[PDB]
């Protein structure tokens, strides 16, 4: 077969890039290793920046989001006896964030693609990239037991952290920066009403807790746990008792608990690779960088990479300005690093770290007291949270 842009991975990055390209007349083929419902089983993200919201509207897939997504104007941080609200809308100059599940976003894009007629090959096994530096790169995969070859101009690696794309660039060409945190997030999805109309991030002596939601009758909760814990040790009862123990007395008593629909432990990590391209291969989303969940940047960074990649490919295809594609990494890395910094800061001020001396505990508490009590401090949290502008 033959196409213009081959896309590896049908997660939100790939589907979003694919929809944008298709709408603009640039033919693309998506290759996914798993099945549609496997992809649709991943819970993940819940908070989206306004830029991603506008990107979905531009990809023409915002009907359901516009109807079901919730617009939040503030977030709360609870620490050592108090609860503080950050009015994002006034502190950021009128910007907000939208709560709409990643499963939903993926679902909406899958429907949109399924309808357009654009090619998508699920269960594409053994994907391999070839001739990344020639004028005609190609991808080979196995459908059942037949290995097919797909010819293209460019390849977008949107295959997540464990994808084949990043592995296909000569190790010597990339420079990796990584930080692994000594803890993970145990999340729990329940069909219960959320405890607040806005999220609650809480720093507690027992560790971090987060009160989120998916809708008015569906909540998503998290608690910081050691990397040595296995989800089978955490019953529903245990989770609720623990969550309650870490929240303000008045919040815990309003909490409506219930059986879990999903429970899992996600480990925290920071990861950036430089550069994000190689020949005719460009990496996007989790294939190029990972941020700890704390700042809600992962999917949002994937969206800005995709936005940049899409717009540079548009110029190359319709305007014949293929030289602009060399600028991909420079543009993306600027936003990536700023987002990585915010995610790291949030992670360090809200979590309980092992083997922390009295001094560093005091500095962690004061960081919160200063940023949450200063007009200039609240503003730095706010603009970063709502999302820094796309360049």
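Residue numbers count along the first chain shown, from 1.
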- Query: Do the CA atoms of 242 to 250 or those of 281 to 289 have the higher mean B-factor in the entry?
  - Reply: 242 to 250
- Query: Mean CA B-factor: is it higher for 52 to 60 or for 329 to 337?
  - Reply: 52 to 60
- Query: Between 136, 220, 107, 204, which one tops the list for C-alpha B-factor in the PDB entry?
  - Reply: 136
- Query: Which is it among 101, 81, 163, 298: the one with the largest CA B-factor in the entry?
  - Reply: 81
- Taking the C-alpha B-factors as the PDB entry records them, is residue 128 in the lowest, middle or highest third of its chain? lowest
- Task: Check where residue 153 lands among this chain's C-alpha B-factors and tell me if it's the lowest, middle or highest third.
- Result: lowest
- Could you tell me which third, lowest, middle or highest, the C-alpha B-factor of residue 194 occupies within its chain? middle
- Message: By the recorded C-alpha temperature factor, relative to the other modelled residues in its chain, which third is residue 6 in?
- Response: lowest
- According to the PDB entry, is the CA B factor of residue 344 in the bottom, middle or top third of its chain, that is, lowest, middle or highest? lowest
